[PDB]
file target-v9.txt (compact mmCIF, C-alpha atoms)
# COMPACT_ATOMS: atom_id res chain seq x y z
CA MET A 1 -45.69 15.18 -17.71
CA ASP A 2 -44.64 18.52 -19.11
CA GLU A 3 -42.70 16.99 -22.01
CA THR A 4 -45.00 16.70 -24.99
CA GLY A 5 -44.60 13.39 -26.76
CA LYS A 6 -43.82 11.33 -23.68
CA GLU A 7 -45.89 8.25 -22.91
CA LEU A 8 -47.30 7.98 -19.39
CA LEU A 9 -47.73 4.68 -17.58
CA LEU A 10 -50.05 3.77 -14.73
CA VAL A 11 -48.64 1.38 -12.13
CA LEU A 12 -51.30 -1.27 -11.45
CA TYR A 13 -49.59 -3.16 -8.62
CA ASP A 14 -46.98 -2.28 -6.01
CA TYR A 15 -43.51 -3.13 -7.25
CA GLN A 16 -40.15 -3.28 -5.46
CA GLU A 17 -37.20 -3.53 -7.84
CA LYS A 18 -35.18 -6.60 -6.96
CA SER A 19 -31.79 -5.62 -8.42
CA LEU A 20 -37.25 1.54 -8.05
CA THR A 21 -40.06 1.16 -5.53
CA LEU A 22 -43.41 1.98 -7.11
CA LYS A 23 -46.86 2.05 -5.55
CA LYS A 24 -50.14 1.28 -7.25
CA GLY A 25 -51.49 4.46 -8.83
CA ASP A 26 -48.09 6.02 -9.52
CA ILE A 27 -47.59 7.59 -12.95
CA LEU A 28 -44.34 6.85 -14.76
CA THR A 29 -42.77 8.09 -17.98
CA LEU A 30 -41.83 5.39 -20.46
CA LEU A 31 -38.15 5.69 -21.39
CA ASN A 32 -37.51 2.51 -23.39
CA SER A 33 -39.86 -0.28 -24.46
CA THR A 34 -37.37 -2.02 -26.78
CA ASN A 35 -37.71 -5.24 -24.80
CA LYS A 36 -41.28 -6.46 -24.82
CA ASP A 37 -41.33 -7.77 -21.25
CA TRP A 38 -39.14 -5.31 -19.30
CA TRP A 39 -39.47 -1.55 -19.81
CA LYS A 40 -37.20 1.25 -18.69
CA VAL A 41 -39.25 3.86 -16.86
CA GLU A 42 -38.81 7.12 -14.99
CA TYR A 43 -40.37 8.28 -11.72
CA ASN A 44 -39.45 11.48 -9.83
CA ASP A 45 -36.11 11.94 -11.65
CA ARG A 46 -35.07 8.34 -11.17
CA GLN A 47 -34.93 5.53 -13.72
CA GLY A 48 -35.15 1.76 -13.55
CA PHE A 49 -36.65 -1.32 -15.13
CA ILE A 50 -40.09 -2.79 -14.47
CA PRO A 51 -41.93 -5.76 -15.99
CA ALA A 52 -44.38 -4.42 -18.56
CA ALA A 53 -47.09 -6.53 -16.90
CA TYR A 54 -47.16 -4.17 -13.88
CA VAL A 55 -48.21 -1.11 -15.87
CA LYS A 56 -50.67 0.13 -18.41
CA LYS A 57 -49.86 2.66 -21.08
CA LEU A 58 -52.31 5.55 -20.76
CA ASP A 59 -51.84 6.65 -24.41
call {"tool": "encode", "arguments": {"input": "target-v9.txt", "output": "structure tokens"}}
result
Amino acid sequence: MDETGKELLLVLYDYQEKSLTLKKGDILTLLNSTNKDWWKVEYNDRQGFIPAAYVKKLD
């Protein structure tokens, strides 16, 4: 959130990574949106993948 230029994401629905555990309301940093359906994201110094459908870009 300090890093200028980074894109923040709002988690809309609780998500438990099958293969990250995110709660509704959590704010993530977008790391990689190369794939349209699965995005690499960052939360509290950890990284993982989440379906793009679970989040909204805050822009």
call {"tool": "atom_distance", "arguments": {"input": "target-v9.txt", "atom1": "CA of residue 18 in chain A", "atom2": "CA of residue 59 in chain A"}}
result
27.5 Å
call {"tool": "atom_distance", "arguments": {"input": "target-v9.txt", "atom1": "CA of residue 53 in chain A", "atom2": "CA of residue 37 in chain A"}}
result
7.3 Å
call {"tool": "atom_distance", "arguments": {"input": "target-v9.txt", "atom1": "CA of residue 4 in chain A", "atom2": "CA of residue 40 in chain A"}}
result
18.4 Å
call {"tool": "residues_near_point", "arguments": {"input": "target-v9.txt", "point": "(-38.2, -7.3, -11.3)", "cutoff": "12 Å", "atoms": "all atoms listed in the file", "output": "NGL selection string"}}
result
:A and (14-22 or 37-40 or 48-54)
call {"tool": "closest_residue", "arguments": {"input": "target-v9.txt", "among": "A:42, A:13, A:55, A:2", "to": "residue 28 in chain A", "atoms": "all atoms listed in the file"}}
result
A:42
call {"tool": "residues_around", "arguments": {"input": "target-v9.txt", "residues": "residue 26 in chain A", "least_positions_apart": "2", "cutoff": "9 Å", "atoms": "only C-alpha atoms", "output": "ChimeraX atom specification"}}
result
/A:9-12,22-24,28,43
call {"tool": "closest_residue", "arguments": {"input": "target-v9.txt", "among": "A:1, A:35, A:30, A:6", "to": "residue 47 in chain A", "atoms": "all atoms listed in the file"}}
result
A:30
call {"tool": "decode", "arguments": {"input": "target-v9.txt", "residues": "range 1-29 of chain A", "atoms": "N, CA and C atoms", "output": "mmCIF file, in the first residue's frame"}}
result
data_model
loop_
_atom_site.group_PDB
_atom_site.id
_atom_site.type_symbol
_atom_site.label_atom_id
_atom_site.label_comp_id
_atom_site.auth_asym_id
_atom_site.auth_seq_id
_atom_site.Cartn_x
_atom_site.Cartn_y
_atom_site.Cartn_z
ATOM 1 N N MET A 1 0.850 -1.186 0.000
ATOM 2 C CA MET A 1 0.000 0.000 0.000
ATOM 3 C C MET A 1 0.881 1.229 0.000
ATOM 4 N N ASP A 2 2.120 1.038 0.446
ATOM 5 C CA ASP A 2 3.104 2.106 0.370
ATOM 6 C C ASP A 2 3.581 2.310 -1.059
ATOM 7 N N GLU A 3 3.824 1.213 -1.776
ATOM 8 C CA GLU A 3 4.439 1.240 -3.095
ATOM 9 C C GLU A 3 3.545 1.987 -4.070
ATOM 10 N N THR A 4 3.963 3.170 -4.498
ATOM 11 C CA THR A 4 3.214 3.834 -5.549
ATOM 12 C C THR A 4 3.252 2.985 -6.812
ATOM 13 N N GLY A 5 2.162 3.036 -7.565
ATOM 14 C CA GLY A 5 2.033 2.273 -8.776
ATOM 15 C C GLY A 5 1.352 0.931 -8.619
ATOM 16 N N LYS A 6 1.266 0.400 -7.409
ATOM 17 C CA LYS A 6 0.679 -0.917 -7.255
ATOM 18 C C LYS A 6 -0.843 -0.825 -7.280
ATOM 19 N N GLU A 7 -1.465 -1.884 -7.786
ATOM 20 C CA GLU A 7 -2.910 -1.940 -7.928
ATOM 21 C C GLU A 7 -3.476 -2.749 -6.771
ATOM 22 N N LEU A 8 -4.423 -2.167 -6.053
ATOM 23 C CA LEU A 8 -5.029 -2.816 -4.902
ATOM 24 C C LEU A 8 -6.309 -3.511 -5.328
ATOM 25 N N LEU A 9 -6.581 -4.633 -4.681
ATOM 26 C CA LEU A 9 -7.729 -5.473 -4.968
ATOM 27 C C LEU A 9 -8.539 -5.667 -3.699
ATOM 28 N N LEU A 10 -9.861 -5.606 -3.829
ATOM 29 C CA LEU A 10 -10.760 -5.893 -2.731
ATOM 30 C C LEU A 10 -11.286 -7.314 -2.895
ATOM 31 N N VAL A 11 -11.179 -8.108 -1.839
ATOM 32 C CA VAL A 11 -11.705 -9.474 -1.857
ATOM 33 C C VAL A 11 -13.195 -9.416 -1.565
ATOM 34 N N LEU A 12 -14.020 -9.889 -2.500
ATOM 35 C CA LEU A 12 -15.475 -9.804 -2.330
ATOM 36 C C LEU A 12 -16.054 -10.973 -1.554
ATOM 37 N N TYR A 13 -15.424 -12.137 -1.627
ATOM 38 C CA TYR A 13 -15.952 -13.355 -1.037
ATOM 39 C C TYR A 13 -14.793 -14.113 -0.406
ATOM 40 N N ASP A 14 -15.066 -14.773 0.720
ATOM 41 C CA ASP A 14 -14.062 -15.605 1.371
ATOM 42 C C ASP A 14 -13.529 -16.634 0.389
ATOM 43 N N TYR A 15 -12.222 -16.865 0.453
ATOM 44 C CA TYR A 15 -11.566 -17.748 -0.494
ATOM 45 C C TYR A 15 -10.486 -18.542 0.230
ATOM 46 N N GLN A 16 -10.515 -19.861 0.065
ATOM 47 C CA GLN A 16 -9.491 -20.753 0.603
ATOM 48 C C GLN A 16 -8.787 -21.428 -0.566
ATOM 49 N N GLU A 17 -7.497 -21.138 -0.735
ATOM 50 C CA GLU A 17 -6.771 -21.677 -1.877
ATOM 51 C C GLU A 17 -6.705 -23.188 -1.792
ATOM 52 N N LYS A 18 -7.209 -23.847 -2.830
ATOM 53 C CA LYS A 18 -7.215 -25.298 -2.883
ATOM 54 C C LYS A 18 -5.790 -25.841 -2.871
ATOM 55 N N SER A 19 -5.021 -25.606 -3.929
ATOM 56 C CA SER A 19 -3.651 -26.127 -4.000
ATOM 57 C C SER A 19 -2.777 -25.711 -2.810
ATOM 58 N N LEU A 20 -3.050 -19.489 0.015
ATOM 59 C CA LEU A 20 -3.795 -18.326 0.506
ATOM 60 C C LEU A 20 -5.195 -18.602 1.051
ATOM 61 N N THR A 21 -5.476 -18.000 2.200
ATOM 62 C CA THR A 21 -6.817 -17.956 2.768
ATOM 63 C C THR A 21 -7.177 -16.489 2.960
ATOM 64 N N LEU A 22 -8.172 -16.026 2.215
ATOM 65 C CA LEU A 22 -8.547 -14.625 2.190
ATOM 66 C C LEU A 22 -9.981 -14.482 2.659
ATOM 67 N N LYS A 23 -10.224 -13.456 3.459
ATOM 68 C CA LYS A 23 -11.555 -13.137 3.931
ATOM 69 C C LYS A 23 -12.092 -11.950 3.150
ATOM 70 N N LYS A 24 -13.399 -11.960 2.938
ATOM 71 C CA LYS A 24 -14.125 -10.812 2.432
ATOM 72 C C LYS A 24 -13.634 -9.543 3.116
ATOM 73 N N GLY A 25 -13.410 -8.497 2.319
ATOM 74 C CA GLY A 25 -12.931 -7.223 2.827
ATOM 75 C C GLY A 25 -11.425 -7.047 2.812
ATOM 76 N N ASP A 26 -10.665 -8.129 2.683
ATOM 77 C CA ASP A 26 -9.214 -8.040 2.651
ATOM 78 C C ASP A 26 -8.762 -7.272 1.416
ATOM 79 N N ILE A 27 -7.657 -6.545 1.561
ATOM 80 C CA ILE A 27 -7.062 -5.802 0.458
ATOM 81 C C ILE A 27 -5.792 -6.510 0.026
ATOM 82 N N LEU A 28 -5.689 -6.804 -1.257
ATOM 83 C CA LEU A 28 -4.530 -7.478 -1.819
ATOM 84 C C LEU A 28 -3.787 -6.527 -2.738
ATOM 85 N N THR A 29 -2.549 -6.880 -3.057
ATOM 86 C CA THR A 29 -1.802 -6.217 -4.114
ATOM 87 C C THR A 29 -1.801 -7.147 -5.316
#
